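**Q** After the structure tokens below, expect a handful of questions from me.
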Protein chains: 2
Amino acid sequence: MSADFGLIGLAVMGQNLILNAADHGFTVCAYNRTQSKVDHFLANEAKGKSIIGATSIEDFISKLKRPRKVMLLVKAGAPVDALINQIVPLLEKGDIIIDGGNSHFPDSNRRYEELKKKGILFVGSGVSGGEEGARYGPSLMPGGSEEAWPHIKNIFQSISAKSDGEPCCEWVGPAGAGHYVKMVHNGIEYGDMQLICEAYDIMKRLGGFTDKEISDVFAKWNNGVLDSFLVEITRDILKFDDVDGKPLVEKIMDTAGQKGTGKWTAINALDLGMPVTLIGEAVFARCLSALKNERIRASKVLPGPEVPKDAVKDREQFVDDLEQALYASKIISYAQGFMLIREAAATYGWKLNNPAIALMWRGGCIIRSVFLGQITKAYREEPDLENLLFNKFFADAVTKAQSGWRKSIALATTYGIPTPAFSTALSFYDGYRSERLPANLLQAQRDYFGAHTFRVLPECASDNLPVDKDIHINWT
Amino acid sequence: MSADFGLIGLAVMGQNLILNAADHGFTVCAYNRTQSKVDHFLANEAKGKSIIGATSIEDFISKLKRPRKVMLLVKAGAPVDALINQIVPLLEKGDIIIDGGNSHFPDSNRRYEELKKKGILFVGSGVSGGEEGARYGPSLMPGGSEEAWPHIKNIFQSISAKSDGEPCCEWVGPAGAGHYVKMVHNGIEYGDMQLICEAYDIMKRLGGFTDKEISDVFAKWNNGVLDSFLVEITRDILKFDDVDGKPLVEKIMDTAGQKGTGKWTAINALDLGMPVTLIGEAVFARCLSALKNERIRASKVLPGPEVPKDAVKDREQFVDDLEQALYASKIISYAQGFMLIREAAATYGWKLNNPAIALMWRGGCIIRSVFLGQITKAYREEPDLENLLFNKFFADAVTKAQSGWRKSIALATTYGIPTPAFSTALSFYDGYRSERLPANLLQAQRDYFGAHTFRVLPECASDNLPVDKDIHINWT
């Protein structure tokens, strides 16, 4: 029948995607596990647009052009498998299932291979932008069956956010790759929110700035190198007054939530053996924050330095150093993010495209920023770039940051303001640039209590201690 | 027939356990997947001791007193399930399978429940001490079927290391709990090795100490508050000369290995939502070290501060500050370790005993130290202690450490020596003691781009913004 695609799952997110598609001249068939929301949606915001409803699953399936394109925006987990299982029999080879939910990539790897067995095409797609991003242009990160891409390309790229004419949507890669890349985006997200919160914390508890003053600093920083959506909303949150003129944010319970996609990145980093330390710290910091009552109790007993009113003499220098600390740390976190992507490409055998991934994150998504355009640029120039930090633009940024980065950390250190993300970024940076790390002692220790053996430095190879061989020493 | 227990798996580890049991007056039946190693072992080190061999699996099973006690010391994974599956039919209800290998606890949870279904008793046991620890007194951490404990108690406690008359072996708890606790011990281990390596690195690259000088510092520190096995072997490694008089350790390739048990703790911390940041950093640092060629390349291009010959004027003060940094950081890592244990007890419904776990880690194991005795003591006094840092002894240690801890970190920061573990410990400490963290902004941010909602501080509850309710604000 008539409908370019259908979408099941009519939460605000999916409704806005359908609306977005309709506005771009697609006929969309809207459906849900239930009914109330279909009729209601057709009655209100879908009215007078190219949006048709459905009553049955077979009705839905019947209203869709060939090959049938079935997008799901449902809760992750078994409900995704529920729909898939009741849709497969109503389908024929070459039809396309699109999971747009925040599904864990091994599930998408599985659904991909299972559907493939039946000749059904699978697209596991990341979607980012929130409610309003879905309405006007989300970031879309499709992966799965490559042969499904020519069929969803025009729908996806038309509705996606644009960055300098270019759509924020390219084919990510095979199997669970789209959801994988969406996962990492969410890990990076956690990192950027933690880094921003540390800047706020240092200005508040160390500098003694009012929220309006910290808001103005974010206003100022957004006008420069840190230009980004998260810095904008932070600027906006910090000046937001409660009904009583007092800053609303200072009344919020300081216990961070996490639905899960953030820990997944840290876990994956661990599985893959990549040092994604900042995202790790960002996840652990939310875990720390959850422990509200334990911290109230801790605050009454554990000592720390006094923060005098005059700890910051030069407020301009303080703020300028902090900007470089935030900015350099962010560069570390993203450099770590792309190391992860680099290792996952290699381990999973996925041909992940670094410029395209950065492009897809430039707009639509929560982490959108000018900074990301600069990442796209670096990888356009060298798509084989082994680390972001080997790019001149980022190497220069990090060189310029040196003094402000270290000064802000020593300052937070001296005055007892927690900087988990700033600290781990500098430690990683200083470790990463070390030709020789103290892991030589680590190896010696291991060979000592466990005879686990060790390799010799090629420049130290000798009679005993030969190159490319596992050496054990009797240390006793 | 005759044999208190049998042990399958005749690697050096298991051989030494059998030997240890024999010396304590047990008749042990030795067996292997194969034969050569059984005959060979009976021919040499088991000769003239109460150790008998076996030829068949049924032969092995027949030589064992009732209820039959079958210990496995084989490679983790499927080989453990292999043995179990071929032993179960040759067994009868109430017989006891003991897995002493380094098995991942969910596997032990599974084997426990499966064997339980057949009325077979299961013990998943941690074993720590290495080759020589197995020969004279390892740490043993049994968990599984409580009803198996009265049957293995005397064998286990007799052969285990002693700390002040007390055996380093108590019943850990149900299902996979023994292996769980062994896992965490190994996470803690990673942390202590990384912390030690950072002290070494700072003295070497920042202080410009020779290895003999750093060895003497560890000699000195081992005579005090840091008294421990790992500090001893480090002291010993650092003075160890290669065949050419040059320090051997400086020739070792600085790429750390990890068999896996270390990442498991960080992953579990993530699954459980506990801020086990130091173990995380220790695992990530090994991951960083593996990247040898990328770091050589990084070292040639990325800038950092110069370390002048006179960066350390006062070597005595430098060393004294560092000792407090190492010591305070270690206290953080262990405090994090027991938070993990605390959450796992609660989430899994396991009645984990904190004094007993600390006791079991006091001796035999790689992390053995006087420090651990002090942990046992703290939990004997208050077994309900919510955090180690609420204990006076540790609170005082951390109070005394303040100045040396922060000074060493600011120093490594200023001069560009990586201190991932020192840094994360201080950040965690400063976060943990904060009544209010900037997770209030995090929550505001989330409620803004995703309407995820937030709670109000009870002391800020009002007309709008009521207590114990999920608030959303229209920030725009």
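In the structure tokens, each chain is lettered A, B, ... as it comes, each chain's residues begin at 1, and ligands are numbered from 1 in order of appearance.
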Which residues are close to residue 439 in chain A, i.e. within 10 Å by only C-alpha atoms, leaving aside same-chain residues fewer than 5 positions away? Reply as a ChimeraX atom specification.
**A** /A:444-445 /B:193-194,197-198,201,249,252-257,285-286,288-290
**Q** Take the residues from that selection and put them in a file with C-alpha atoms, as a PDB file, in the first residue's frame.
**A**
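This went into out14.pdb:
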```pdb
ATOM      1  CA  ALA A 444      59.264  -7.501  37.241  1.00  0.00           C
ATOM      2  CA  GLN A 445      56.863  -7.766  40.213  1.00  0.00           C
TER       3      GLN A 445
ATOM      4  CA  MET B 193      51.254  -2.592  42.288  1.00  0.00           C
ATOM      5  CA  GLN B 194      50.225   0.578  40.433  1.00  0.00           C
ATOM      6  CA  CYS B 197      55.043   1.886  40.526  1.00  0.00           C
ATOM      7  CA  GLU B 198      53.986   5.549  40.762  1.00  0.00           C
ATOM      8  CA  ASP B 201      58.325   6.645  38.778  1.00  0.00           C
ATOM      9  CA  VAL B 249      64.366  -3.791  35.895  1.00  0.00           C
ATOM     10  CA  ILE B 252      62.297  -4.835  31.070  1.00  0.00           C
ATOM     11  CA  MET B 253      59.741  -3.913  28.400  1.00  0.00           C
ATOM     12  CA  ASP B 254      57.213  -1.637  30.048  1.00  0.00           C
ATOM     13  CA  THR B 255      54.060  -3.387  28.853  1.00  0.00           C
ATOM     14  CA  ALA B 256      52.018  -4.891  31.655  1.00  0.00           C
ATOM     15  CA  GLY B 257      50.176  -8.163  31.211  1.00  0.00           C
ATOM     16  CA  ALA B 285      47.249   2.004  33.258  1.00  0.00           C
ATOM     17  CA  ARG B 286      48.185  -1.549  32.213  1.00  0.00           C
ATOM     18  CA  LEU B 288      48.040   2.290  28.511  1.00  0.00           C
ATOM     19  CA  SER B 289      51.380   0.506  29.027  1.00  0.00           C
ATOM     20  CA  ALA B 290      50.524  -2.134  26.385  1.00  0.00           C
TER      21      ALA B 290
END
```
**Q** Might you pull out every residue within 6 Å of residue 287 in chain A, with only C-alpha atoms counted and same-chain residues fewer than 6 positions away left off, and present them as a list in words?
**A**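 Counting only the stated atoms, we get residues 273, 274 and 275 of chain B.
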**Q** For those residues, write C-alpha atoms to a file as a tab-separated table (two decimals), in the first residue's frame.
**A**
```tsv
chain	number	residue	atom	x	y	z
B	273	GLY	CA	27.49	1.21	40.72
B	274	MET	CA	30.37	1.55	43.19
B	275	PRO	CA	33.12	4.15	42.77
```
**Q** When you draw a straight line from CA of residue 150 in chain A to CA of residue 171 in chain A, how long is it in Å?
**A**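 Separation of CA of residue 150 in chain A and CA of residue 171 in chain A: 9.6 Å.
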**Q** So which residues touch residue 425 in chain B within 10 Å, counting only C-alpha atoms, skipping near sequence neighbours fewer than 3 positions away, as a list in words?
**A**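 Near residue 425 in chain B, the qualifying residues are residues 418 and 420 of chain A; 276, 277, 278, 279, 281, 325, 326, 328, 329, 330, 331, 332, 333, 336, 405, 419, 420, 421, 422, 428, 429, 430 and 431 of chain B.
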**Q** Give me the residues near range 203-219 of chain B as a list in words, where near means some atom within 8 Å (using only C-alpha atoms) and where sequence neighbours in that chain fewer than 6 positions away do not count.
**A**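 After dropping sequence-adjacent residues, the list is residues 231, 232, 234, 235, 236, 237, 238, 239, 247, 307, 309, 311, 312, 315, 319, 412, 415 and 417 of chain B.
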**Q** Can you pull out the residues contacting range 120-135 of chain B? Cut-off 6 Å, using only C-alpha atoms, and skip same-chain residues under 4 positions away; I want them as a PDB file with C-alpha atoms, in the first residue's frame.
**A**
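Result went into part01.pdb, see below:
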```pdb
ATOM      1  CA  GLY A 450      54.111 -15.581  39.723  1.00  0.00           C
TER       2      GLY A 450
ATOM      3  CA  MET B  13      50.368 -24.675  42.232  1.00  0.00           C
ATOM      4  CA  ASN B  16      52.452 -27.641  46.340  1.00  0.00           C
ATOM      5  CA  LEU B  17      48.948 -27.751  47.858  1.00  0.00           C
ATOM      6  CA  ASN B  20      51.315 -28.952  52.006  1.00  0.00           C
ATOM      7  CA  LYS B  93      24.721 -37.067  46.917  1.00  0.00           C
ATOM      8  CA  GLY B  94      26.714 -35.175  49.563  1.00  0.00           C
ATOM      9  CA  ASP B  95      30.014 -35.482  47.714  1.00  0.00           C
ATOM     10  CA  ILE B  96      31.876 -32.208  47.345  1.00  0.00           C
ATOM     11  CA  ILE B  97      33.363 -30.566  44.267  1.00  0.00           C
ATOM     12  CA  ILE B  98      35.950 -27.894  45.065  1.00  0.00           C
ATOM     13  CA  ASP B  99      37.006 -25.501  42.298  1.00  0.00           C
ATOM     14  CA  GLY B 100      40.214 -23.843  43.498  1.00  0.00           C
ATOM     15  CA  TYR B 112      26.806 -24.234  42.412  1.00  0.00           C
ATOM     16  CA  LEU B 115      25.374 -29.305  41.124  1.00  0.00           C
ATOM     17  CA  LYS B 116      22.912 -28.395  43.875  1.00  0.00           C
ATOM     18  CA  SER B 139      45.174 -17.807  51.667  1.00  0.00           C
ATOM     19  CA  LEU B 140      42.037 -19.888  51.025  1.00  0.00           C
ATOM     20  CA  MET B 141      38.644 -18.306  50.416  1.00  0.00           C
ATOM     21  CA  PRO B 142      35.962 -21.013  50.169  1.00  0.00           C
ATOM     22  CA  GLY B 143      32.346 -20.347  49.241  1.00  0.00           C
ATOM     23  CA  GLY B 144      29.470 -22.381  47.811  1.00  0.00           C
ATOM     24  CA  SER B 145      27.545 -25.014  49.781  1.00  0.00           C
ATOM     25  CA  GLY B 178      34.690 -17.285  47.512  1.00  0.00           C
ATOM     26  CA  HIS B 179      35.670 -16.606  43.926  1.00  0.00           C
ATOM     27  CA  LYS B 182      39.277 -13.711  45.372  1.00  0.00           C
ATOM     28  CA  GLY B 364      49.364 -16.086  52.410  1.00  0.00           C
ATOM     29  CA  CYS B 365      48.107 -13.766  49.643  1.00  0.00           C
ATOM     30  CA  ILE B 366      50.124 -11.377  47.433  1.00  0.00           C
TER      31      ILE B 366
END
```
**Q** Applying 9 Å and only C-alpha atoms, which residues near range 39-45 of chain A remain after dropping the ones on its own chain fewer than 6 positions away? List them as a PyMOL selection string.
**A** chain A and resi 10+15+19+30+51-54
**Q** Give me every alpha helix (DSSP H) residue in range 31-148 of chain B, going by DSSP on the backbone, as a VMD selection string.
**A** chain B and resid 36 to 43 57 to 62 78 to 87 105 to 117 130 to 136
**Q** Just the selected residues (C-alpha atoms), exported as a PDB file, in the first residue's frame, please.
**A**
```pdb
ATOM      1  CA  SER B  36      52.941 -38.327  32.791  1.00  0.00           C
ATOM      2  CA  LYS B  37      52.626 -35.656  35.520  1.00  0.00           C
ATOM      3  CA  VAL B  38      51.019 -38.041  38.046  1.00  0.00           C
ATOM      4  CA  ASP B  39      53.719 -40.727  37.787  1.00  0.00           C
ATOM      5  CA  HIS B  40      56.466 -38.072  37.654  1.00  0.00           C
ATOM      6  CA  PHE B  41      55.136 -36.305  40.760  1.00  0.00           C
ATOM      7  CA  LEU B  42      54.797 -39.627  42.650  1.00  0.00           C
ATOM      8  CA  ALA B  43      58.357 -40.449  41.506  1.00  0.00           C
ATOM      9  CA  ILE B  57      38.752 -41.004  36.909  1.00  0.00           C
ATOM     10  CA  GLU B  58      36.843 -43.907  38.506  1.00  0.00           C
ATOM     11  CA  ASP B  59      40.097 -45.013  40.121  1.00  0.00           C
ATOM     12  CA  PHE B  60      40.610 -41.505  41.542  1.00  0.00           C
ATOM     13  CA  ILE B  61      36.999 -41.391  42.779  1.00  0.00           C
ATOM     14  CA  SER B  62      37.363 -44.857  44.394  1.00  0.00           C
ATOM     15  CA  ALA B  78      35.296 -24.826  30.023  1.00  0.00           C
ATOM     16  CA  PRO B  79      38.020 -27.181  31.347  1.00  0.00           C
ATOM     17  CA  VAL B  80      36.449 -26.707  34.828  1.00  0.00           C
ATOM     18  CA  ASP B  81      33.057 -27.701  33.394  1.00  0.00           C
ATOM     19  CA  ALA B  82      34.746 -30.586  31.562  1.00  0.00           C
ATOM     20  CA  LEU B  83      35.971 -32.208  34.786  1.00  0.00           C
ATOM     21  CA  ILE B  84      32.709 -31.485  36.635  1.00  0.00           C
ATOM     22  CA  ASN B  85      30.668 -33.227  33.910  1.00  0.00           C
ATOM     23  CA  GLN B  86      32.775 -36.407  33.909  1.00  0.00           C
ATOM     24  CA  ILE B  87      32.946 -36.562  37.745  1.00  0.00           C
ATOM     25  CA  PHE B 105      32.175 -15.880  40.073  1.00  0.00           C
ATOM     26  CA  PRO B 106      29.051 -16.020  37.827  1.00  0.00           C
ATOM     27  CA  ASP B 107      30.367 -19.375  36.582  1.00  0.00           C
ATOM     28  CA  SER B 108      30.677 -20.511  40.217  1.00  0.00           C
ATOM     29  CA  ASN B 109      27.151 -19.208  40.889  1.00  0.00           C
ATOM     30  CA  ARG B 110      26.053 -21.445  38.019  1.00  0.00           C
ATOM     31  CA  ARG B 111      28.024 -24.596  38.835  1.00  0.00           C
ATOM     32  CA  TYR B 112      26.806 -24.234  42.412  1.00  0.00           C
ATOM     33  CA  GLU B 113      23.128 -24.186  41.441  1.00  0.00           C
ATOM     34  CA  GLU B 114      23.463 -26.942  38.804  1.00  0.00           C
ATOM     35  CA  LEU B 115      25.374 -29.305  41.124  1.00  0.00           C
ATOM     36  CA  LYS B 116      22.912 -28.395  43.875  1.00  0.00           C
ATOM     37  CA  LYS B 117      20.085 -29.650  41.592  1.00  0.00           C
ATOM     38  CA  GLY B 130      51.692 -18.305  44.264  1.00  0.00           C
ATOM     39  CA  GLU B 131      53.894 -21.409  43.961  1.00  0.00           C
ATOM     40  CA  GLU B 132      55.663 -20.916  47.295  1.00  0.00           C
ATOM     41  CA  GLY B 133      52.482 -19.736  49.048  1.00  0.00           C
ATOM     42  CA  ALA B 134      50.790 -22.992  48.033  1.00  0.00           C
ATOM     43  CA  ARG B 135      53.700 -25.032  49.495  1.00  0.00           C
ATOM     44  CA  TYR B 136      53.713 -23.473  52.989  1.00  0.00           C
TER      45      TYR B 136
END
```
**Q** Can you work out which one of B:446, B:69, B:313, B:185 has the shortest atom-to-atom distance to chain A, counting only C-alpha atoms?
**A**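 Looking at the shortest contact to chain A, the residue is B:446.
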**Q** One decimal, in Å: what's the spacing between CA of residue 327 in chain B and CA of residue 226 in chain B?
**A** 6.6 Å
**Q** With distances taken over only C-alpha atoms, which residue among A:56, A:324, A:434, A:476 lies nearest chain B?
**A**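 Using only C-alpha atoms, the shortest distance to chain B belongs to A:434.
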